[PDB]
Every structure is written in structure tokens, then in C-alpha cells.
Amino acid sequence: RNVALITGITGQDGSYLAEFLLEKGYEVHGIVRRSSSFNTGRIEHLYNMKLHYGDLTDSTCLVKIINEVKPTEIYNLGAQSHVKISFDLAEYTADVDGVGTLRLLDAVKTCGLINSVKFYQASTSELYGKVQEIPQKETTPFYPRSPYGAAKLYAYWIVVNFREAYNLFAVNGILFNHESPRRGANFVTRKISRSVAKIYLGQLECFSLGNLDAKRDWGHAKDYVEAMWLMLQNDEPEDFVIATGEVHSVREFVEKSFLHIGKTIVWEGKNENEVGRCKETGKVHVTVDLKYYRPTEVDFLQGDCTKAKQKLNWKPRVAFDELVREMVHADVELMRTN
């Protein structure tokens, strides 16, 4: 008996995880938000999958779904997951990402499955914020830098408390940034690949970004959902960092993406006046707008996943250069039909 309940199923990770579990024969249930428009685009092709309307801010609907499903595994991937947006939607972010994790854990307990279900919490490298060690590992002290990070830090600890207080098998996946052709358009990587594709297809000339110098450890979401499953197959509930260990800047993501389009970006200027120009035509394709900057930036992330490699036999499979090429090519094809 393998029955998974995935909150956040319509999102990037939930769509890949649903495919991964379905491939292993699981009965997969997802919680979907009511929307005035179609919002199951990433999982429509899958429709052993059953969807249920619900919301992490509504405790009763969570108890009803859990009681009906009686899941053996629960992956809480549901979240307002964008950092910039969390600065103006701070309360909504706390209620969903923080208190919502509590509501889900308490629904499991109310449903009497405290000793039967395994629970995965979608923790994040954003918890390290202004990093206290480089690279960051499980024992590196957290230092959140946004309402999103603080809300996720509450969720990380309430999951630890349910594990310690009630013996729930619950684990925190401390995942560093992971992208894919399904990444939300609002994250920097997908914003770049979509924009570069458009410029290639002549649908766009230039686009603006915020902080070009931010440095990230970027992996492919498909590889990372496999780590979530591996953490719930472990004999004991443990928390793990999952990451690539390699760092690149936003500037580098931009340069490599344009290379796939046949253009070489040359940078000129500083700060909000810096621009990215085609080395040949001299045409400006990238500009900077402070409106995209964060009040308290997270300047650098680099994860050390030695524990996961040794205990779960997990490892990144897709590297940075291949990730970038895949996203640009996927968006060129997508935009082609536009």
C-alpha cells in the first residue's frame, strides 16, 4: 500500500513528484486550490491520480481530505514560494507557509495517523539567508532574510517538534534552488530563459532584471523530487540538505542563455545603469531595474549535500550548463507555438 498526498501538486515540484510516484505505482492524491481559471496545466497529462479542492489556510478541508485518503506519505509542497512577493504579502505568506504546515501536521494527528504516515516538509536554502558558513550544511545556523524565510523557519521547527513530541516520521528537505522548464515565470531563471527565447523569436527586444550579482546553487527539479521520496524511504526521519554544490551568478545564467541563442552579452555600466549588449549588433538586450531588487538580499548560497549522498545515495544528475540549455530550448519551442 503506497498512497501519497501532495499539497502543492499543481506547482513545479508537485508536478514532477506526481510523475515520479505514479511511475512507481503509487496512488497519488493532490490538493488543488480553487481558481477562476484552469490551473492544472502542469499535471493535466496525468489526468492513479485524484485531485481534491482545498487550501492550507482551511484546517477542516485538510482533515477531511486526509481522513478520506489515509495517505501513507504526505509531501507538503504547498506554499506562496516567491521571496520578492513575500515582502508585500508577508502575513499571507506566514499563514500559508508557516501556520499552514502546522495545520497539516495537526490534521494528520487529528486523523489518528501520527504513527502511520511519513511527512515531508519542503524546507529551503532560503533558511540560511545571510550565510553563516560556506558551503551550508545541516548544522549551519539559519539566518532568514525575508518574510518567506522566516515563515519557512517556523515550519521547519514545528515539523521538528511534531517529530520529537509525537514520534511522527517527519523530515525537512533543505533544498537549494531547483529549476526546470516548468519553473514559475517569476523566478529569475525562467524569467531569463523565457525572455531570451522571446528575443530569439523576435517577440521581444529587451528585458530588465534586478540584482545581477546574486549567486546561487541551481539544480534541476526532476532530480530533487527524487530526493524527497528517498528521504521518506530512510529508516529514520532525518533532515537533509539537497543541492549541487556549484555556484553561478544571475549574470552567468544570462550569459549562458544568450549563448544558446547565438549571442554574446557584453556588460557596460554599473548598478541600476548596467546594461547587457549583444557583442555584435550593439543592441541592448538586458537592463537593470531596482524594482526587482529585494530589501534584504540573500547574496550567496552553496549547499553541501554530503550527508544525503552518503545516506540516501542521492546526487545531482543534471548540471548547470545542461539545465540552462534545456530551459532556453524548451521555451523557444513553447514560444514557437506563439
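All residue numbers refer to positions in the sequence shown, first residue = 1.
Novice: Answer with none, 1 to 3, 4 to 9, or 10 or more: how many deposited residues between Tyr47 and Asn48 are not present in the coordinates.
Specialist: Gap size class: 4 to 9 residues without coordinates, per the record.
Novice: So which stretch wins on mean C-alpha B-factor, 57 to 65 or 275 to 283?
Specialist: It is 275 to 283.
Novice: May I ask you to compare 248 to 256 and 76 to 84 by their mean CA B factor in the entry and name the higher one?
Specialist: Taking the mean C-alpha B-factor of 248 to 256 and of 76 to 84, the larger value falls to 248 to 256.
Novice: Identify, among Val188, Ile261, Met228, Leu127, the residue whose C-alpha carries the highest B-factor in the deposited PDB entry.
Specialist: Checking the PDB record, the top C-alpha B-factor among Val188, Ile261, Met228, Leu127 is at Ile261.
Novice: Just to confirm, going by the entry's C-alpha B-factors, which of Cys111, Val131, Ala243, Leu168 comes out highest?
Specialist: Spelled out: the listed residue with the top C-alpha B-factor is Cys111.
Novice: In terms of the CA temperature factor given in the entry, to which third of its chain does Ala319 belong: lowest, middle or highest?
Specialist: Highest third of the chain for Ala319's C-alpha B-factor.
Novice: Ordered by C-alpha B-factor within the chain, which third holds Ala122? Give me lowest, middle or highest, please.
Specialist: Lowest third.
Novice: Is the Cα B-factor recorded for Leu301 in the lowest, middle or highest third of its chain?
Specialist: Answer is lowest: the recorded C-alpha B-factor places it there.
Novice: Taking the values exactly as deposited, rank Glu205 by C-alpha B-factor within its chain and report the matching third: lowest, middle or highest.
Specialist: Highest third of the chain for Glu205's C-alpha B-factor.
Novice: Of the three thirds of its chain by CA temperature factor, lowest, middle or highest, which one includes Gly11?
Specialist: Answer is lowest: the recorded C-alpha B-factor places it there.
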